[PDB]
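Have a look at my_file_20.cif; it's mmCIF, N, CA, C and O atoms and all ligand atoms:
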```
data_start
#
loop_
_atom_site.label_atom_id
_atom_site.label_comp_id
_atom_site.auth_asym_id
_atom_site.auth_seq_id
_atom_site.Cartn_x
_atom_site.Cartn_y
_atom_site.Cartn_z
N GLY A 1 23.54 7.62 4.45
CA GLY A 1 22.87 7.96 5.72
C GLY A 1 22.85 6.80 6.68
O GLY A 1 23.79 6.01 6.72
N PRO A 2 21.80 6.67 7.50
CA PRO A 2 21.69 5.61 8.50
C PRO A 2 21.57 4.22 7.87
O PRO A 2 22.53 3.45 7.87
N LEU A 3 20.41 3.91 7.31
CA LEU A 3 20.19 2.62 6.68
C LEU A 3 20.69 2.64 5.24
O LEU A 3 19.92 2.78 4.29
N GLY A 4 22.01 2.63 5.10
CA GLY A 4 22.62 2.74 3.79
C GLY A 4 22.48 4.14 3.24
O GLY A 4 22.62 5.12 3.98
N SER A 5 22.14 4.25 1.97
CA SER A 5 21.91 5.55 1.36
C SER A 5 20.42 5.87 1.35
O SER A 5 20.02 6.96 0.95
N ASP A 6 19.61 4.87 1.73
CA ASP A 6 18.14 4.96 1.71
C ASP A 6 17.62 4.96 0.28
O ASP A 6 16.89 4.05 -0.13
N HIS A 7 18.07 5.93 -0.51
CA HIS A 7 17.71 6.01 -1.91
C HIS A 7 18.58 5.08 -2.74
O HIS A 7 19.36 5.52 -3.59
N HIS A 8 18.44 3.79 -2.49
CA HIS A 8 19.17 2.76 -3.20
C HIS A 8 18.66 1.40 -2.78
O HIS A 8 18.88 0.97 -1.64
N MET A 9 17.88 0.78 -3.64
CA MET A 9 17.27 -0.50 -3.31
C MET A 9 16.91 -1.26 -4.56
O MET A 9 16.36 -0.71 -5.52
N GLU A 10 17.18 -2.56 -4.53
CA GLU A 10 16.86 -3.45 -5.64
C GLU A 10 15.47 -4.04 -5.44
O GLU A 10 15.18 -5.14 -5.90
N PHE A 11 14.63 -3.30 -4.74
CA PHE A 11 13.27 -3.73 -4.46
C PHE A 11 12.35 -2.52 -4.34
O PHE A 11 12.79 -1.38 -4.45
N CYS A 12 11.05 -2.79 -4.20
CA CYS A 12 10.05 -1.73 -4.15
C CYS A 12 10.14 -0.92 -2.87
O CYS A 12 10.15 -1.47 -1.78
N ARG A 13 10.15 0.40 -3.04
CA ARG A 13 10.20 1.33 -1.91
C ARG A 13 9.04 1.08 -0.94
O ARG A 13 9.19 1.21 0.27
N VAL A 14 7.86 0.85 -1.50
CA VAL A 14 6.64 0.73 -0.71
C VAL A 14 6.27 -0.73 -0.45
O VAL A 14 6.01 -1.14 0.68
N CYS A 15 6.15 -1.46 -1.54
CA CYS A 15 5.66 -2.83 -1.56
C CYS A 15 6.76 -3.88 -1.46
O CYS A 15 6.50 -5.05 -1.72
N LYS A 16 7.89 -3.47 -0.89
CA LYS A 16 9.00 -4.36 -0.52
C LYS A 16 9.12 -5.58 -1.44
O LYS A 16 8.86 -6.71 -1.02
N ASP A 17 9.44 -5.33 -2.69
CA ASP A 17 9.53 -6.40 -3.68
C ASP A 17 10.83 -7.19 -3.53
O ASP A 17 11.56 -7.01 -2.56
N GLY A 18 11.12 -8.06 -4.50
CA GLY A 18 12.34 -8.84 -4.44
C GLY A 18 12.67 -9.53 -5.75
O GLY A 18 13.85 -9.66 -6.10
N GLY A 19 11.65 -9.99 -6.46
CA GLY A 19 11.87 -10.70 -7.71
C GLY A 19 11.79 -9.79 -8.92
O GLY A 19 12.76 -9.13 -9.27
N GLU A 20 10.62 -9.78 -9.57
CA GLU A 20 10.40 -8.93 -10.74
C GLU A 20 10.37 -7.47 -10.33
O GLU A 20 9.66 -7.10 -9.39
N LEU A 21 11.20 -6.65 -10.97
CA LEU A 21 11.31 -5.25 -10.60
C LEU A 21 11.46 -4.35 -11.83
O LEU A 21 12.19 -4.68 -12.77
N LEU A 22 10.81 -3.20 -11.78
CA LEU A 22 10.91 -2.20 -12.83
C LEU A 22 11.49 -0.92 -12.25
O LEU A 22 10.96 -0.38 -11.28
N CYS A 23 12.67 -0.55 -12.71
CA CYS A 23 13.42 0.56 -12.12
C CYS A 23 13.53 1.74 -13.08
O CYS A 23 13.28 1.59 -14.28
N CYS A 24 13.88 2.91 -12.55
CA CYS A 24 14.01 4.10 -13.37
C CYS A 24 15.28 4.05 -14.22
O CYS A 24 16.05 3.10 -14.16
N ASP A 25 15.54 5.14 -14.94
CA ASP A 25 16.76 5.27 -15.72
C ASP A 25 17.61 6.39 -15.15
O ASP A 25 18.42 7.00 -15.85
N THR A 26 17.33 6.73 -13.90
CA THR A 26 17.97 7.85 -13.24
C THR A 26 18.48 7.46 -11.86
O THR A 26 19.65 7.67 -11.53
N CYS A 27 17.58 6.95 -11.04
CA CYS A 27 17.90 6.61 -9.67
C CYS A 27 17.88 5.09 -9.46
O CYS A 27 17.36 4.35 -10.31
N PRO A 28 18.49 4.59 -8.37
CA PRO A 28 18.58 3.17 -8.10
C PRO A 28 17.42 2.65 -7.25
O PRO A 28 17.63 2.03 -6.20
N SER A 29 16.20 2.85 -7.73
CA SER A 29 15.02 2.34 -7.04
C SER A 29 14.21 1.47 -7.98
O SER A 29 14.25 1.64 -9.19
N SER A 30 13.53 0.48 -7.43
CA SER A 30 12.76 -0.46 -8.23
C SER A 30 11.31 -0.51 -7.76
O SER A 30 11.02 -0.33 -6.58
N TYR A 31 10.39 -0.68 -8.71
CA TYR A 31 8.97 -0.68 -8.40
C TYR A 31 8.24 -1.79 -9.17
O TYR A 31 8.82 -2.47 -10.01
N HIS A 32 6.92 -1.83 -8.99
CA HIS A 32 6.02 -2.65 -9.79
C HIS A 32 5.72 -1.85 -11.06
O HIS A 32 6.62 -1.28 -11.67
N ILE A 33 4.44 -1.61 -11.30
CA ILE A 33 4.00 -0.67 -12.31
C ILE A 33 2.93 0.27 -11.75
O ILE A 33 2.30 1.01 -12.49
N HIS A 34 2.69 0.21 -10.43
CA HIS A 34 1.60 0.97 -9.83
C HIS A 34 1.86 1.30 -8.35
O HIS A 34 0.92 1.55 -7.59
N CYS A 35 3.12 1.30 -7.95
CA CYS A 35 3.48 1.58 -6.56
C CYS A 35 3.38 3.07 -6.26
O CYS A 35 3.29 3.49 -5.11
N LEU A 36 3.42 3.87 -7.32
CA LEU A 36 3.35 5.31 -7.20
C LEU A 36 1.94 5.80 -7.50
O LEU A 36 1.10 5.03 -7.96
N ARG A 37 1.69 7.09 -7.28
CA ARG A 37 0.39 7.67 -7.57
C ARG A 37 0.05 7.57 -9.07
O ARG A 37 -1.01 7.04 -9.41
N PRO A 38 0.95 8.00 -9.99
CA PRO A 38 0.74 7.83 -11.43
C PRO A 38 0.89 6.37 -11.84
O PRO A 38 1.92 5.96 -12.39
N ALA A 39 -0.06 5.56 -11.40
CA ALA A 39 0.02 4.12 -11.54
C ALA A 39 -0.39 3.66 -12.93
O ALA A 39 -1.28 4.25 -13.55
N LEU A 40 0.21 2.57 -13.37
CA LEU A 40 -0.14 1.96 -14.64
C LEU A 40 -0.68 0.56 -14.40
O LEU A 40 -0.26 -0.12 -13.46
N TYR A 41 -1.55 0.10 -15.28
CA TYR A 41 -2.03 -1.27 -15.22
C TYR A 41 -1.41 -2.06 -16.35
O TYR A 41 -1.50 -3.29 -16.41
N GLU A 42 -0.72 -1.34 -17.22
CA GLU A 42 -0.01 -1.92 -18.33
C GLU A 42 1.49 -1.91 -18.05
O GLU A 42 1.99 -1.03 -17.34
N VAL A 43 2.21 -2.86 -18.62
CA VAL A 43 3.65 -2.91 -18.45
C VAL A 43 4.32 -2.03 -19.50
O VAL A 43 4.18 -2.26 -20.70
N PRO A 44 5.04 -0.99 -19.06
CA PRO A 44 5.72 -0.06 -19.97
C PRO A 44 6.91 -0.72 -20.65
O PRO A 44 7.96 -0.91 -20.04
N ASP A 45 6.69 -1.17 -21.87
CA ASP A 45 7.71 -1.92 -22.60
C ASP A 45 8.83 -1.02 -23.10
O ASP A 45 9.93 -1.49 -23.40
N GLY A 46 8.57 0.28 -23.16
CA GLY A 46 9.57 1.22 -23.61
C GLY A 46 10.29 1.90 -22.46
O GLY A 46 11.25 1.36 -21.92
N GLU A 47 9.82 3.08 -22.10
CA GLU A 47 10.43 3.85 -21.02
C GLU A 47 9.49 3.95 -19.83
O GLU A 47 8.29 3.69 -19.95
N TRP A 48 10.04 4.36 -18.70
CA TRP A 48 9.27 4.53 -17.47
C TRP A 48 10.13 5.21 -16.42
O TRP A 48 11.30 4.87 -16.25
N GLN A 49 9.54 6.15 -15.69
CA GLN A 49 10.25 6.82 -14.62
C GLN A 49 9.37 7.03 -13.40
O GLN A 49 8.14 6.91 -13.48
N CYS A 50 10.01 7.30 -12.29
CA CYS A 50 9.36 7.50 -11.01
C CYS A 50 8.59 8.82 -10.99
O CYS A 50 8.89 9.74 -11.75
N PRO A 51 7.67 8.99 -10.02
CA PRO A 51 7.02 10.28 -9.80
C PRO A 51 8.03 11.31 -9.30
O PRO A 51 8.18 12.38 -9.88
N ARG A 52 8.81 10.87 -8.34
CA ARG A 52 9.93 11.63 -7.82
C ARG A 52 10.78 10.71 -6.97
O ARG A 52 11.53 11.16 -6.10
N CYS A 53 10.60 9.40 -7.19
CA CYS A 53 11.23 8.35 -6.39
C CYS A 53 11.03 8.62 -4.90
O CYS A 53 11.94 8.42 -4.09
N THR A 54 9.84 9.09 -4.56
CA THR A 54 9.51 9.43 -3.19
C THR A 54 7.99 9.54 -3.04
O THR A 54 7.25 9.00 -3.87
N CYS A 55 7.53 10.22 -2.00
CA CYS A 55 6.10 10.42 -1.77
C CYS A 55 5.45 11.09 -2.98
O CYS A 55 5.87 12.16 -3.41
N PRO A 56 4.50 10.40 -3.63
CA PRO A 56 3.90 10.87 -4.88
C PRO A 56 2.81 11.92 -4.68
O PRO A 56 1.75 11.86 -5.30
N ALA A 57 3.11 12.92 -3.86
CA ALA A 57 2.19 14.03 -3.65
C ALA A 57 2.55 15.19 -4.56
O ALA A 57 1.72 16.06 -4.84
N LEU A 58 3.78 15.19 -5.04
CA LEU A 58 4.26 16.22 -5.94
C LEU A 58 3.94 15.87 -7.39
O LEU A 58 3.50 14.75 -7.68
N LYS A 59 4.19 16.80 -8.29
CA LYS A 59 3.95 16.57 -9.70
C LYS A 59 5.16 15.89 -10.33
O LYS A 59 6.22 16.49 -10.46
N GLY A 60 4.97 14.65 -10.75
CA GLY A 60 6.03 13.93 -11.41
C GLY A 60 6.03 14.17 -12.90
O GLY A 60 7.08 14.21 -13.54
N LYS A 61 4.84 14.35 -13.46
CA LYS A 61 4.68 14.61 -14.88
C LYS A 61 3.73 15.78 -15.10
O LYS A 61 4.21 16.90 -15.37
ZN ZN B 101 13.71 6.95 -9.61
ZN ZN B 102 5.87 -2.10 -6.01
#
```
The structure given in the file should be rewritten as structure tokens.
Amino acid sequence: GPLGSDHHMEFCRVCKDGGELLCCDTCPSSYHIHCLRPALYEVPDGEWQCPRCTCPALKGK
């Protein structure tokens, strides 16, 4: 699209990260551990996925 593909970033969609990043296993987006509505305070050492890699108003889980 305009600004690249939009859905492709090595940083946080919301909190504009740059260093430490936790990304999905599906899409090319990176987050903290609480940038989305289904936020965690713990670091998911196993698996982790986005709510919908977008506005977390929908049901991700
Ligand atoms: Zn994703
Ligand atoms: Zn973040």
Self-check item: Atom-to-atom span, atom CA of residue 2 of chain A and atom O of residue 33 of chain A, Å
Solution: 28.9 Å
Practice problem: Determine, counting only C-alpha atoms, every residue of protein, DNA or RNA that lies within 9 Å of (18.6, 6.6, -1.7) in the file coordinates, then give the result as a ChimeraX atom specification. | Solution: /A:1,4-9,27-29,53
Exercise. Rank A:3, A:39, A:58, A:12 by their smallest atom-to-atom distance to ligand ZN 102 (chain B), using all atoms listed in the file, and report the top residue only.
Key: A:12
Quiz item: So how far away is atom O of residue 26 of chain A from atom O of residue 41 of chain A, in Å?
Solution: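 According to the coordinates, atom O of residue 41 of chain A and atom O of residue 26 of chain A are separated by 24.3 Å.
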Quiz item: Which residues sit within 7 Å of ligand ZN 102 (chain B), counting only N, CA, C and O atoms and all ligand atoms, listed as a PyMOL selection string?
Solution: chain A and resi 11-17+30-36
Quiz prompt | Which residue of A:54, A:10, A:59, A:46 approaches ligand ZN 101 (chain B) most closely, using only C-alpha atoms and all ligand atoms | solution =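 Counting only C-alpha atoms and all ligand atoms, the residue closest to ligand ZN 101 (chain B) is A:54.
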Practice problem: Identify which of the residues A:42, A:50, A:60, A:22 lies closest to ligand ZN 101 (chain B), counting all atoms listed in the file when measuring atom-to-atom distances. | Solution: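 So, comparing all the options, the nearest one is A:50.
Residues of segment 8-38 of chain A that DSSP, applied to the backbone, places in strand (DSSP E or B): residues 12, 22, 23, 30 and 31 of chain A.
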Around segment 42-46 of chain A, fit a box with edges along x, y and z, padding it by 6 Å on each side, then list its centre and edge lengths in Å to one decimal as AutoDock Vina command-line options.
```
--center_x 5.3 --center_y -0.5 --center_z -20.4 --size_x 24.0 --size_y 16.8 --size_z 18.4
```
Practice problem: Using atom CA of residue 20 of chain A and atom CA of residue 57 of chain A as the two end points, give the distance in Å to one decimal. | Solution: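 Value for the atom CA of residue 20 of chain A-atom CA of residue 57 of chain A distance: 25.4 Å.
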Practice problem: Just the residues within 8 Å of residue 61 of chain A, please, counting all atoms listed in the file, with nothing from its chain fewer than 6 positions along; format it as a ChimeraX atom specification. | Solution: /A:38,50-52
Quiz item: For ligand ZN 101 (chain B), which residue out of A:24, A:44, A:56, A:19 is the nearest one, using all atoms listed in the file?
Solution: A:24
Self-check item: Using only C-alpha atoms and all ligand atoms: which of A:37, A:43, A:55, A:25 has the shortest distance to ligand ZN 101 (chain B)
Solution: A:25
